[PDB]
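Shown next: query-v4.cif, containing mmCIF, C-alpha atoms.
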data_input
loop_
_atom_site.group_PDB
_atom_site.id
_atom_site.type_symbol
_atom_site.label_atom_id
_atom_site.label_comp_id
_atom_site.auth_asym_id
_atom_site.auth_seq_id
_atom_site.Cartn_x
_atom_site.Cartn_y
_atom_site.Cartn_z
ATOM 1 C CA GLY A 1 0.000 0.000 0.000
ATOM 2 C CA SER A 2 1.084 3.554 0.728
ATOM 3 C CA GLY A 3 0.334 4.310 4.362
ATOM 4 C CA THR A 4 -0.592 2.217 7.380
ATOM 5 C CA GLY A 5 -3.637 -0.032 7.452
ATOM 6 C CA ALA A 6 -5.975 -0.627 10.371
ATOM 7 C CA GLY A 7 -3.785 -1.898 13.185
ATOM 8 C CA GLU A 8 -0.218 -3.129 12.871
ATOM 9 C CA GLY A 9 0.152 -6.255 10.763
ATOM 10 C CA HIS A 10 -0.763 -7.986 7.534
ATOM 11 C CA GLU A 11 -4.433 -8.712 6.809
ATOM 12 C CA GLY A 12 -6.284 -11.064 4.491
ATOM 13 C CA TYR A 13 -9.086 -13.625 4.529
ATOM 14 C CA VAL A 14 -6.917 -16.662 5.132
ATOM 15 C CA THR A 15 -6.669 -19.906 7.061
ATOM 16 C CA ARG A 16 -4.708 -19.130 10.217
ATOM 17 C CA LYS A 17 -4.353 -20.904 13.547
ATOM 18 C CA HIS A 18 -4.088 -18.345 16.337
ATOM 19 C CA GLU A 19 -2.920 -18.979 19.896
ATOM 20 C CA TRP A 20 -2.930 -22.687 20.652
ATOM 21 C CA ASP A 21 -3.038 -25.049 23.609
ATOM 22 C CA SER A 22 -4.501 -28.272 22.256
ATOM 23 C CA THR A 23 -3.104 -31.501 20.855
ATOM 24 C CA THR A 24 -6.076 -33.355 19.415
ATOM 25 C CA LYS A 25 -5.488 -34.651 15.906
ATOM 26 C CA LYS A 26 -4.415 -38.235 15.307
ATOM 27 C CA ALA A 27 -5.566 -38.647 11.692
ATOM 28 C CA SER A 28 -6.647 -35.081 11.032
ATOM 29 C CA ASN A 29 -9.645 -33.359 12.609
ATOM 30 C CA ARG A 30 -9.684 -29.686 11.689
ATOM 31 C CA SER A 31 -8.254 -27.193 14.150
ATOM 32 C CA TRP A 32 -7.325 -24.063 12.239
ATOM 33 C CA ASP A 33 -9.932 -21.581 11.050
ATOM 34 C CA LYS A 34 -10.631 -19.612 7.885
ATOM 35 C CA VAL A 35 -11.624 -16.049 8.710
ATOM 36 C CA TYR A 36 -10.674 -12.437 8.049
ATOM 37 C CA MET A 37 -7.485 -12.177 10.063
ATOM 38 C CA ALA A 38 -5.852 -8.870 10.909
ATOM 39 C CA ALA A 39 -2.662 -9.768 12.740
ATOM 40 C CA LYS A 40 1.059 -10.412 12.261
ATOM 41 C CA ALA A 41 3.658 -10.120 14.987
ATOM 42 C CA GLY A 42 3.048 -6.788 16.706
ATOM 43 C CA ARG A 43 -0.607 -7.151 17.605
ATOM 44 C CA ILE A 44 -3.379 -9.591 16.663
ATOM 45 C CA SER A 45 -6.884 -8.693 15.539
ATOM 46 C CA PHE A 46 -9.585 -11.140 14.477
ATOM 47 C CA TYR A 47 -12.865 -10.987 12.593
ATOM 48 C CA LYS A 48 -14.776 -13.475 10.444
ATOM 49 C CA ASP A 49 -16.591 -10.576 8.831
ATOM 50 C CA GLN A 50 -17.816 -7.098 9.695
ATOM 51 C CA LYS A 51 -20.319 -8.603 12.125
ATOM 52 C CA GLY A 52 -19.774 -7.933 15.830
ATOM 53 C CA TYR A 53 -17.666 -5.432 13.921
ATOM 54 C CA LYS A 54 -20.923 -4.122 12.441
ATOM 55 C CA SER A 55 -22.230 -3.626 15.961
ATOM 56 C CA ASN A 56 -19.331 -2.825 18.271
ATOM 57 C CA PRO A 57 -15.561 -2.396 17.429
ATOM 58 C CA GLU A 58 -14.528 -4.649 20.331
ATOM 59 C CA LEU A 59 -16.730 -7.620 19.488
ATOM 60 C CA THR A 60 -16.698 -9.698 16.321
ATOM 61 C CA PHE A 61 -17.509 -13.339 15.432
ATOM 62 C CA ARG A 62 -16.680 -14.635 18.932
ATOM 63 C CA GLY A 63 -13.388 -15.809 17.401
ATOM 64 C CA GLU A 64 -12.665 -12.166 18.094
ATOM 65 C CA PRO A 65 -9.229 -12.214 20.017
ATOM 66 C CA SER A 66 -6.263 -9.861 19.762
ATOM 67 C CA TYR A 67 -2.681 -9.507 20.970
ATOM 68 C CA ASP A 68 0.351 -7.248 21.212
ATOM 69 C CA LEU A 69 3.495 -9.205 20.372
ATOM 70 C CA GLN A 70 6.611 -7.555 18.964
ATOM 71 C CA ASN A 71 8.316 -10.127 21.202
ATOM 72 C CA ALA A 72 7.414 -13.283 19.299
ATOM 73 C CA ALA A 73 9.535 -15.187 16.807
ATOM 74 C CA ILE A 74 9.297 -16.715 13.345
ATOM 75 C CA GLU A 75 8.928 -20.102 11.689
ATOM 76 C CA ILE A 76 7.735 -21.920 8.591
ATOM 77 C CA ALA A 77 6.133 -25.349 8.405
ATOM 78 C CA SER A 78 7.961 -27.235 5.675
ATOM 79 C CA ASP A 79 6.775 -30.549 7.071
ATOM 80 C CA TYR A 80 3.261 -31.102 5.774
ATOM 81 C CA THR A 81 1.163 -31.621 2.661
ATOM 82 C CA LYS A 82 -1.125 -28.610 3.036
ATOM 83 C CA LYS A 83 0.331 -26.663 5.942
ATOM 84 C CA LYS A 84 3.688 -26.858 4.126
ATOM 85 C CA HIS A 85 2.920 -23.494 2.531
ATOM 86 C CA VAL A 86 2.314 -21.733 5.825
ATOM 87 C CA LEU A 87 4.138 -19.316 8.111
ATOM 88 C CA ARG A 88 4.092 -18.944 11.885
ATOM 89 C CA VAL A 89 5.200 -16.404 14.467
ATOM 90 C CA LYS A 90 5.585 -17.623 18.038
ATOM 91 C CA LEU A 91 4.837 -15.425 21.024
ATOM 92 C CA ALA A 92 6.268 -16.046 24.466
ATOM 93 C CA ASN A 93 2.997 -17.324 25.897
ATOM 94 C CA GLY A 94 2.872 -20.764 24.291
ATOM 95 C CA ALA A 95 0.700 -19.571 21.405
ATOM 96 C CA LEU A 96 1.443 -19.484 17.689
ATOM 97 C CA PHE A 97 -0.120 -17.545 14.825
ATOM 98 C CA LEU A 98 -0.017 -19.741 11.728
ATOM 99 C CA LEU A 99 -0.784 -18.403 8.253
ATOM 100 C CA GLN A 100 -2.029 -20.412 5.279
ATOM 101 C CA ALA A 101 -2.452 -17.763 2.604
ATOM 102 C CA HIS A 102 -4.288 -17.899 -0.699
ATOM 103 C CA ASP A 103 -1.924 -17.152 -3.567
ATOM 104 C CA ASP A 104 1.809 -17.178 -2.946
ATOM 105 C CA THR A 105 2.650 -13.508 -3.333
ATOM 106 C CA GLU A 106 0.583 -12.676 -0.270
ATOM 107 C CA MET A 107 1.698 -15.845 1.491
ATOM 108 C CA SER A 108 5.322 -14.815 1.220
ATOM 109 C CA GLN A 109 4.300 -11.234 2.002
ATOM 110 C CA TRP A 110 2.734 -12.607 5.184
ATOM 111 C CA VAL A 111 6.195 -13.858 6.050
ATOM 112 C CA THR A 112 7.654 -10.562 4.886
ATOM 113 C CA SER A 113 5.296 -8.666 7.169
ATOM 114 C CA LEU A 114 5.297 -11.168 10.021
ATOM 115 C CA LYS A 115 9.079 -11.554 10.142
ATOM 116 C CA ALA A 116 9.633 -7.813 10.328
ATOM 117 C CA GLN A 117 7.333 -7.619 13.369
ATOM 118 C CA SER A 118 7.390 -10.744 15.599
ATOM 119 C CA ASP A 119 10.916 -10.258 16.894
ATOM 120 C CA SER A 120 11.331 -6.496 16.876
ATOM 121 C CA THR A 121 14.417 -5.026 18.504
ATOM 122 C CA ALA A 122 16.022 -2.428 16.264
#
Just give me the structure as structure tokens.
Amino acid sequence: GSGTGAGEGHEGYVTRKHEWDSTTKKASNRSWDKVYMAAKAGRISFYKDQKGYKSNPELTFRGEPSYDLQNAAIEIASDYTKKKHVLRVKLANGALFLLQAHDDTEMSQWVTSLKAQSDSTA
């Protein structure tokens, strides 16, 4: 773009897996979600649509959460069949924000964004 967006991160309707603390899977069993994410590695912001957003700017689809993490780190999957085109920044609270983007130019730009933010220092 040209200036700053809404908050501080990269934003697209993608399939991300925010903050985690579960280990149910075995064969598969979905866990991630596909919503309108507005997060990166500086702060998180979540909305499925402009719904709770329609009503009040603090509420959204109940998968509404948000963060402030210029502390987190960086990682890429590279060990899957679908999630092997994903990126992930890791906070210091056990959670990870995974990113399965749509195209490839945004997916890498999610890593471009995300990497610049997660582990900010100088």
Applying 8 Å and only C-alpha atoms, which residues near residue 73 of chain A remain after dropping the ones on its own chain fewer than 6 positions away? List them as a compact mmCIF listing (two decimals) with C-alpha atoms, keeping the file's coordinate frame.
# COMPACT_ATOMS: atom_id res chain seq x y z
CA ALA A 41 3.66 -10.12 14.99
CA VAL A 89 5.20 -16.40 14.47
CA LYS A 90 5.58 -17.62 18.04
CA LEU A 91 4.84 -15.42 21.02
CA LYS A 115 9.08 -11.55 10.14
CA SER A 118 7.39 -10.74 15.60
CA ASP A 119 10.92 -10.26 16.89
message = Could you tell me, as a PyMOL selection string, exactly which residues end up selected when the PyMOL selection byres ((chain A and resi 65) around 10) is applied to this structure?
response = chain A and resi 18-19+44-47+58-64+66-67
Write out, as a PDB file, in the coordinates of the input, the residues just selected, with C-alpha atoms.
ATOM      1  CA  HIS A  18      -4.088 -18.345  16.337  1.00  0.00           C
ATOM      2  CA  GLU A  19      -2.920 -18.979  19.896  1.00  0.00           C
ATOM      3  CA  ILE A  44      -3.379  -9.591  16.663  1.00  0.00           C
ATOM      4  CA  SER A  45      -6.884  -8.693  15.539  1.00  0.00           C
ATOM      5  CA  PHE A  46      -9.585 -11.140  14.477  1.00  0.00           C
ATOM      6  CA  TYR A  47     -12.865 -10.987  12.593  1.00  0.00           C
ATOM      7  CA  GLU A  58     -14.528  -4.649  20.331  1.00  0.00           C
ATOM      8  CA  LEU A  59     -16.730  -7.620  19.488  1.00  0.00           C
ATOM      9  CA  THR A  60     -16.698  -9.698  16.321  1.00  0.00           C
ATOM     10  CA  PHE A  61     -17.509 -13.339  15.432  1.00  0.00           C
ATOM     11  CA  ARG A  62     -16.680 -14.635  18.932  1.00  0.00           C
ATOM     12  CA  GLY A  63     -13.388 -15.809  17.401  1.00  0.00           C
ATOM     13  CA  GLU A  64     -12.665 -12.166  18.094  1.00  0.00           C
ATOM     14  CA  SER A  66      -6.263  -9.861  19.762  1.00  0.00           C
ATOM     15  CA  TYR A  67      -2.681  -9.507  20.970  1.00  0.00           C
TER      16      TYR A  67
END
inquiry  = as a count of residues only, please: the residues near residue 117 of chain A (cut-off 8 Å, all atoms listed in the file, same-chain neighbours under 3 positions excluded).
reply    = 8
task = Skip residue 110 of chain A itself and residues of its chain fewer than 5 positions away, then list as a PyMOL selection string all residues within 10 Å of it, counting only C-alpha atoms.
result = chain A and resi 9-12+39-40+86-88+99-101+104-105+115-116
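When atom CA of residue 35 of chain A is paired with atom CA of residue 94 of chain A, their separation reads 21.8 Å.
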note = The distance between atom CA of residue 33 of chain A and atom CA of residue 95 of chain A is 15.0 Å
key: Spatial neighbours of segment 77-84 of chain A, 12 Å, all atoms listed in the file, chain gap at least 6 places, as a VMD selection string   = chain A and resid 15 to 17 28 30 to 32 96 to 102 107 111
key: Among the residues A:57, A:27, A:21, A:92, the one that comes closest to residue 74 of chain A [using all atoms listed in the file]   =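 Between A:57, A:27, A:21, A:92, the residue approaching residue 74 of chain A most closely is A:92.
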task = For atom CA of residue 14 of chain A and atom CA of residue 34 of chain A, determine how far apart the two atoms are, in Å to one decimal place.
result =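 Atom CA of residue 34 of chain A lies 5.5 Å from atom CA of residue 14 of chain A.
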Show me, as lines of an AutoDock Vina configuration file, the centre and edge lengths in Å to one decimal of the axis-aligned box that covers every listed atom of segment 82-97 of chain A with 3 Å on each side.
center_x = 2.6
center_y = -22.0
center_z = 14.2
size_x = 13.4
size_y = 19.2
size_z = 29.4
message = Just checking: using all atoms listed in the file, which residue out of A:112, A:20, A:93, A:48 ends up closest to residue 71 of chain A?
response = A:93
